[PDB]
Each structure stands twice: as structure tokens, then as C-alpha cells.
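In what follows, a single structure is set out as C-alpha cells and then discussed.
Every chain is numbered from 1 and lettered A, B, ... according to where its sequence line falls, protein lines coming before strand lines. Numbering of ligands and ligand atoms starts at 1, following listing order.
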Amino acid sequence: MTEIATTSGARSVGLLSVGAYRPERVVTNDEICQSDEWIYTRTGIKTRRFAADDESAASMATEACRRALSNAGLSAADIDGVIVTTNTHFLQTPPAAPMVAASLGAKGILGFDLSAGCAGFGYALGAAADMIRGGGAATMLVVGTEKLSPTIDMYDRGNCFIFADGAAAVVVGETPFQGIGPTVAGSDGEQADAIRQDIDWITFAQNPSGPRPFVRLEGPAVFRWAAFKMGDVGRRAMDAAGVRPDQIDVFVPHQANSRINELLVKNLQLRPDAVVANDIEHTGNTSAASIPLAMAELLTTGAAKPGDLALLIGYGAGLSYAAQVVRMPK
Amino acid sequence: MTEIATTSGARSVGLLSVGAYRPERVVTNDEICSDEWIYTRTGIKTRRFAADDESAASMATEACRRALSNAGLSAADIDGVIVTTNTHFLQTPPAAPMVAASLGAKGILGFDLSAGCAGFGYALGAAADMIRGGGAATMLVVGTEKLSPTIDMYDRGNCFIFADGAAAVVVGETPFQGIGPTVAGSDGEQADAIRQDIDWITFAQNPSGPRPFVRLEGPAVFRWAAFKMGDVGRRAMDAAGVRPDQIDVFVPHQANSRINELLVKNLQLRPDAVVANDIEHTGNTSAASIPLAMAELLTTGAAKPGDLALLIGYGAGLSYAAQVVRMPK
Ligand SMILES: *C(=O)OCCCCCCCCCC
Ligand SMILES: *C(=O)OCCCCCCCCCC
């Protein structure tokens, strides 16, 4: 017999940088609601950004990657691979990743698209770290990108003010100390219909002049699942990384709803002075992009500092969750 | 001052089994279209089309069941599932949690990976990487495809190529290393070579225009695969510390027989190396093609468990992913 060779990579892996792209167009509650107080009270959202018509999930991802590279002090030549996590790449094929790689001037590098609803970022982060420690790569881009605005039913009074557009990217590479803890993840396939495209594209393709697909949300069900189950997920993620709740400096949950996230902060028993991501206020829910965008906002404003111990929790569609403890990038 | 735990799982990981699902309905060249014309160009004689109530997700579930059974394991033994596909026709929810739920392991981690036909290679790599990192001990990786609804029956360039099916592998700890290092890359400059021609949203906003279909720039894909994947193969063998002459089984993506015939020669394998030819009765099932081709070779007994196999996935995005594995089941 011949033994199949095993390779090895870096032991200590971390977030070198974050780079964010936010579309120019600002849509206020008052503009979209044709009550600002009503929306803000229920969601925590005041405004959100909508991408232009010529912008796409891939194009915003590219801009975000450019910015992440600059913040890590790297060129595209330094990158070994790129994972795009998104739910709004509106082509079955080709994937976004190779297009992103090409736009960045690194056309040959490995990459794929990963879809796990709002939790794809934690999954892609975990995969990158695993890949780098495995020896399959040394430095990687992970980019959450989302163009949700064309998917919104503007007569759906349950969700139309929730979803928004944007992209943010992290660079994952070797660090002097461990910077990304073990990935804690799971799902609940039994509640798959809680967040969905209501009509599959093929059913629609065969009757284009009938009702078209839009995003649908069973809000109460999602609220209850997130608010009550994600505490245990955070604890698992902290326990795996060997850290206590009181050691957490920064909490970055998925920016789905402020009320959900306030309940999680309380459930997680964090320090009274722990810094909690609240990017949703002017960014809305940008799904796969929300955590890294929220990371960027905290670093941009000086609320968080690079090296801060952060707990990230992603939750959402499919009913999927992914969580991990990290050190803040940049 | 605050340590983030450094961990690890099993260093030696491998394929414990493969399970295949193929739809009942056999469509012949004669039914679809000239038998000799298609066969000369592609090596396809027949292909399988899934029923209307079948999906990529449902077929993935069935492929997983069989894989589990072939490994002598149940859903309880699995820590996660990766579904790779290009024909999950929902933006959300992802297929993976639905497959987990249908297996009776609704709580397990999982996600959808899309990378054209190279998705299996990437997902295999990712699954092994995850296990060695300690994030899981045993995983399912399933390639699945319902390609028939995407075919334009008037596209005389490709209508006879694509078909339906699913196959899954169980990935877990093995006594000896069973999955070589991932060799992967892409060429985004040739993104339009294999594509959905009209994006779903553009189509939704103009229902009076044409509907989307799979489009293929054959020549451009042929050239790229036939002359570039040889080197990819060599890089994957080199990474696994194996010579071409040690390869028992070669499993390229079942895109086209003629491409694959040129690849076999370029790769300089043993005259008696076994070459996957599942395309003949399965057609091109994209992401499902490689595990399906593995299962076909094991079923006929052309390949045996333990055999040293070279896998090369190539296709859309212009993406490729390759590794050397030991044959499972
Ligand atoms: C996080 O859980 O958010 C999920 C949002 C993804 C919705 C995808 C859009 C589906 C509708 C397509 C018209
Ligand atoms: C392997 O390279 O396969 C790529 C083919 C995937 C085709 C997806 C279908 C796109 C058309 C949707 C109507």
C-alpha cells in the first residue's frame, strides 16, 4: 500500500482585517413607508441602504474584498482563496467566487459560494480557518454579500422594512496567537418555511405572468427560535474556545432584529460594559453580510478595538446557526 | 491575555462509503433527439430524468440514506451534511437543513456549496478539513442535481448532455489517510462559458422576455478542460505523494467522454488504469457526477474498495477541484 500524504498549515489563525461596502442610496423608514416610530420600535431600524440597479451581490463583494485587502495591508496576489457567502446570487451558475477573484485581479485562485442563510458567514469563516490550518491555503478572503432589495414584496407589511443591501469581507490568515475559536453550528430543518422564497424559480419559470417569488418571513416563529435558542449556542461557542461570558468584549449577533439581540445579550450574561453590535439601525438586515458589516461599523466608530474578544452568532434561514469566538480584526 | 483554545480532531480521514440515487425514467438518445451523433460527440447513450415531484434536495436525501446504509451507520452517527448543487431552485432556505430533517437528524450542522461541477471536490476537502480541525467526526457530502428543467430542448449545443441524479459519501476517521490534499483553482475570466443566460431577477421583472436556460460555450470548455486538467491532476497526485503509475482509478467529472479520453492520455496513467465512464448511461449530472461515477465503478466491480483514485472536478465559474482518495464502500 501507498500512504496518502497529509499536509499541514498554520496553527494560529485570525481575522487580519475587515472591509465594508455600503451602497450610496439611503432609504429612510419614512420613505419606505408609503410609520418611522412603528418600524424602529419593533426592529431597531431607522434607515437601510439599497444597491443601484447595475450593482449585484458579486460586485459589492468585490468592492468589500478590495477594502479588506487594504486594511490587512495585502494585494490580491497575497490571497490563496475566496469564499462568497450569499443568498442573493441570482444565477444557478456560474458561482460568484471566481468572478470576484477575477475582478480583484487574482483570476486563478480557488473559491466557491456557500449558502446557509444568515449563518453562512460563520460557516465560511470556519471553513476558511479549517482550510488554512489544513494547509490547503495560507491566506483567504471570506465575503458576506447580499442584494435583498429586489426580493422584497413592498406590500408585505411583515418584512418589507427589514431587508437591505451590502457587503463586507474579512481576511483570514496566520496570526501570532489563536484568533478564531472552534466553530459551533447546527440547524432546524423542521422550521425551513419560517424564512423562504415562496415560489421556487422553476415553478415560476413555467408561469412567468402569474405571481412572482418574494421573500416571506414567519416573524413570531423566528423571533422565538432566535431569542430562546441562541443563548445556548453562544455558550457552546464560548465553552469550545475556553472563554467565560464575562471575558467577552464585543458581541456581534446577526443583525436580524434589535429586540431579539437585546434578549440574547441578557441571556448570555455578558459584562454590563460589553459592546453590542447595533449596525442594524442604519444598515437593516443584510443577511450573510450582517456580521462582518456590523464588525466594520464597530471598528469604524471606535466602539470596538482590534484584538477585542468577540462572540459572533449567526442565525436565520433554513433555520441554520453558526457561532464562534474571535479577536476583532484590523 | 485571554487564550482562545487551540484544538484538533482525527488527522487520518477517509471515505467510508458512497451511496447513489438515480431516477427511474431512462431517456434514450433516440427519444431525446440521432443515437450515433450524440454518442460520437459525448459518449452518452442514455440519461435519467427525475419525476416532477422530485427535487435536488429529495434526491440528496435518498443518496444520503444509501450512503449511511453502505457505511453501516445511521443518521445519528453524522455530525453534519454538506450539499453541493447548482439546481436548488430556491435562494433560501438552503437544501442542507431540509436533507438533515428528512434523514431524522434535523439538528446537525450543514450548508449548500456551489462551485459548478467542482463543488464536490471543494465540499470533500471542506468536510475532511472540518473533521481534522475537530469541528465534526463523521460527515455526509452529497452532490445532487435536477438539471432537466434547465435544458432548452432547442439548444442543439447541449440539450442531450445534462441529466439528473444524486450521490453521497460518508467521510470519517480511517486507520490510514484516505483523502489527499485539495488542489483547486478557477478562471473567472471565462465565467460565461457555462451559465444561466438570464438572471432570475431580470427574468422576474420582464416575464414577457425569454425565460432562462443553461447555456454552454462548448469549444471554450473543451479546450480548457482537455488541456488544463492534466496539470491539475499532476498537482493533486504530487500533493498526495503518489506517482501517476500508482493510480488505479481515474474519476474525472463526466462532462464529455472525449474530453476525458484526452485527459486520460495526458495524465500518463497505467495502461490498465480504470477510467470512470458513467456518462454513457447517466449523462452529465454536474455536481453529482463524480460520486455517481465512483458508485458506478464500485457497482460493476471495475473499481474495488481501497483502490487509489484520482478525482478531478471541472466546470462552471470555470472552477476546478481535485484530490487523490481511496475508494470507499
Ligand atoms: C437570514 O436569515 O436572511 C435570509 C434572507 C434570504 C432571502 C433570500 C431571498 C428569497 C426571495 C427571492 C425572490
Ligand atoms: C458543471 O459544470 O455544471 C454546470 C451546469 C449547471 C447549470 C445550472 C442551470 C442554470 C440554468 C438555470 C435555468
Quiz prompt | Polar side chain donor-acceptor pair, A:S287 to A:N285, under 3.5 angstrom | solution = no
Looking at B:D152 and B:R215, is any side-chain nitrogen of the basic one under 4.0 Å from a carboxylate oxygen of the acidic one? yes
Within 4.0 Å of some non-hydrogen atom of A:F214, the atoms of ligand 1 are 11 (C), 13 (C)
Given the options B:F120, B:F111, B:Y320, B:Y122, A:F112 meets ring pair (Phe, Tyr, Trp, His ring centres under 6.0 Å) only with B:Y122
In this structure, atom 12 (C) of ligand 2 is nearest to the protein heavy atom B:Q196 OE1, 3.5 Å
Heavy-atom nearest pair, B:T84 first then B:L113, reads OG1-O, 2.7 Å
Ranking A:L148, A:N159, A:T86 by closest non-hydrogen atom to atom 5 (C) of ligand 1, top hit is A:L148
On a heavy-atom basis, the closest approach of B:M98 and B:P93 is SD-CG, 4.3 Å
Going by distance only, is there an N or O of B:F89 that falls short of 3.5 Å from an N or O of ligand 2?
-> no
The atoms of ligand 2 lying under 4.0 Å from a heavy atom of B:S286, numbered in the order shown, are 1 (C), 3 (O), 4 (C), 5 (C)
Near B:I194 (heavy-atom distance under 4.0 Å), the atoms of ligand 2 are 4 (C), 5 (C)
Decide if the gap between the ring center of A:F204 and the ring center of B:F203 is smaller than 6.0 angstrom.
yes
In ligand 2, the atoms that come under 4.0 Å of a heavy atom of B:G315 are 2 (O)
Near A:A317 (heavy-atom distance under 4.0 Å), the atoms of ligand 1 are 1 (C), 2 (O), 4 (C)
Within 45 degrees of the ring normal and closer than 6.0 Å to the centroid, is that where the cationic atom of A:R212 sits relative to A:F214? yes
Just by distance, do the side chain of A:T88 and the backbone of A:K147 share a donor-acceptor pair under 3.5 Å?
yes
The atoms of ligand 2 lying under 4.0 Å from a heavy atom of B:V214, numbered in the order shown, are 7 (C), 11 (C)
Near A:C118 (heavy-atom distance under 4.0 Å), the atoms of ligand 1 are 1 (C), 2 (O), 3 (O), 4 (C)
A student checking ligand 1 against A:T151 at a 4.0 Å heavy-atom cut-off should list atoms 9 (C), 11 (C), 12 (C), 13 (C)
Within 4.0 Å of some non-hydrogen atom of A:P213, the atoms of ligand 1 are 13 (C)
Tested for side-chain contact (heavy atoms from CB on, under 4.5 Å) against B:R22, the lone hit among B:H281, B:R47, B:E296 is B:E296
The protein heavy atom nearest to atom 6 (C) of ligand 2 is A:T93 CG2, 3.8 Å
